[PDB]
């Protein structure tokens, strides 16, 4: 028994239409909702610092619905050749934060209005070259 962050399980459907689960660290807030404190790698329509309602099933906390979006954006990237240096620089310039899953998959958090024509244009240019592919997993405020 050691001190740990609370853990949220998000059920989602993968690219093969099969059920999958992603676990995210965060905090159970005084109102009983959950503050997400990791950048989601796979679950859709969620971002770092979103506040979500939960359903408890014994020892597990499951995502139920979004209560308050942080306004952050989540971009997933698969690297097909190499990660371009100017893309890394642009992520940093726009206050982005990277979470890696191995060397060739990453999720990037952008604060409100930091993902816009600048980053979308660079990502599109590298898709055209088949250097990477990206998903707009979460686009911020609905």
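Residue numbers count along the first chain shown, from 1.
- As listed in the deposited structure, the average C-alpha B-factor of 57-65 and of 40-48 is greater for 57-65.
- Comparing 25-33 with 104-112, the stretch with the higher mean C-alpha B-factor in the PDB entry is 25-33.
- Residue 139: CA B factor in the highest third of modelled residues in this chain (values from the PDB entry).
- For residue 132, the recorded CA B-factor ranks within the lowest third of the chain. Only modelled residues enter the ranking.
- Residue-level temperature factors show residue 80 in the highest third of its chain, judged at the C-alpha atom.
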